[PDB]
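The data below hold one chain only, encoded as structure tokens and taken in the form deposited in one PDB entry.
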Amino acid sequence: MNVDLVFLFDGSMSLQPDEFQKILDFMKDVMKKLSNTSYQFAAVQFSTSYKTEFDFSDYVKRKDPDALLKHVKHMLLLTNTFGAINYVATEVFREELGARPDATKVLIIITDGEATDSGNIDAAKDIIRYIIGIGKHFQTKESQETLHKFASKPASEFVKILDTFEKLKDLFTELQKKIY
């Protein structure tokens, strides 16, 4: 499983303390589970601006999820998802940062609300994109469909809607079952 995976997580002011922590814990749990594989990880927090919490080359050093995300500061601003995706496509998937030319590129977007910006995201066309929409903001079909534009096709497979943050645990279990 030679995959270069980037977690692009929402750090807007809409996330309460425990909700942000559950997002961080989900990323850590996934990384820990896939530590003995060819997976390589990078994580970017997005709100109004974007910040690479750790790059692929950082992950490779000791593969310590707890340590890699210990200094994360909850941004608590807006939700500029479109710009965040372009940021990942142009500033994170770079060989200079540890990305592997022959690895399959995957982007996991985790958010709890609609984007506060707009923009072309063709820069991420060679990236497999999943989006995890969490919470009441996505309780209606209409709101859920706004996430389709960020994900790969078909949305039925790349868009994951979770009613609560506790469901991240359920999602993780569901994902693990697929690789046997």
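Just count from 1 along the sequence shown to find any residue number.
This protein has a second form, the form solved in complex with a partner chain, left out of what is shown; the following refers to that one.
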Point to revise | Position in contact with the partner chain when the complex is considered in the deposited bound form, options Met27, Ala151, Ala115, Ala124, heavy atoms within 4.5 Å | key: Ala115
Point to revise | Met13: touches the partner chain in the deposited bound form, heavy atom cutoff 4.5 angstroms | key: yes
Check your understanding: Is there any non-hydrogen atom of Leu77 lying within 4.5 Å of the partner chain in the deposited bound form?
Key -> yes
Practice item. Spell out, yes or no, whether the shortest heavy atom distance between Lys61 and the partner chain in the deposited bound form is within 4.5 Å. Key: no
Review point. Given that the partner is absent here, does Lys51 sit within 4.5 Å of the partner chain in the deposited bound form, heavy atoms only?
Key: no
